[PDB]
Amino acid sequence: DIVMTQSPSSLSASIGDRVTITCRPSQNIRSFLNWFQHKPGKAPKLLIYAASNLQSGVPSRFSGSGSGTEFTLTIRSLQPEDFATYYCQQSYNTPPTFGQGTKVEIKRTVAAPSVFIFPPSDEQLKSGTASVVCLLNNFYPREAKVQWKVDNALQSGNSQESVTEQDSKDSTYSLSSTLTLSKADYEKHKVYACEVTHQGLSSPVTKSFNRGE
């Protein structure tokens, strides 16, 4: 019933920047407020306990402040490993409640993707399905355009993309575009090309192969 409202819901900042996250409960909770950090695939970690108490092992660049109906988590010198979602949580009333979370992304310099293409494996073709995979490795910013070209014909509706979460060390992103075709449709064409457009590339980069070579 105590609604925990965080502001902002997401932010992007450079390495060394000072980052502040605000949490406001729907009523006065005194200092019964904690801050959690949650990295992808990892266990949520208690950073700040009872509004202001830093926990063991947490770097001193994290600090908590506030009381009553306004609370602030501060990261004074943002590091790449600080990419995470941060939650405030009130411990004043049952049930304990969390904020909606604040996703902290890292601003870094433009990085061009290295592109690679992978034709379907013979084992997969032995089952009647051909998956062609185009890979974009370690790029920034996240925005990228990947266009499939089959015999110099722009494809649509037969590809799916996946994007990694921001890397905790180099703050880049990586991406996969997978073209899925039946082995029949795949054999009626020869040239399979992946065209990549990105701010880090002066001109579009194309990786291609010829079926059967």
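So that there is no doubt, residue numbering starts at 1 and follows the sequence shown.
Annotation for 75-83 versus 124-132: the higher mean temperature factor (C-alpha) is found in 124-132. Mean CA B-factor, 144-152 versus 54-62: the higher value falls on 144-152.
In this structure the maximum Cα B-factor among 37, 182, 178, 168 is found at 182.
When the modelled residues of the chain are ordered by their C-alpha B factor, residue 44 lands in the lowest third. The entry lists a Cα temperature factor for residue 160 that places it in the middle third of the chain's modelled residues.
Ranked against the other modelled residues of its chain, the C-alpha B-factor of residue 114 as given in the entry falls in the highest third. Ranked within its chain, residue 200 lands in the lowest third, by CA B factor from the PDB record.
Placement of the Cα temperature factor of residue 21 within the chain: lowest third of the modelled residues, per the deposited record.
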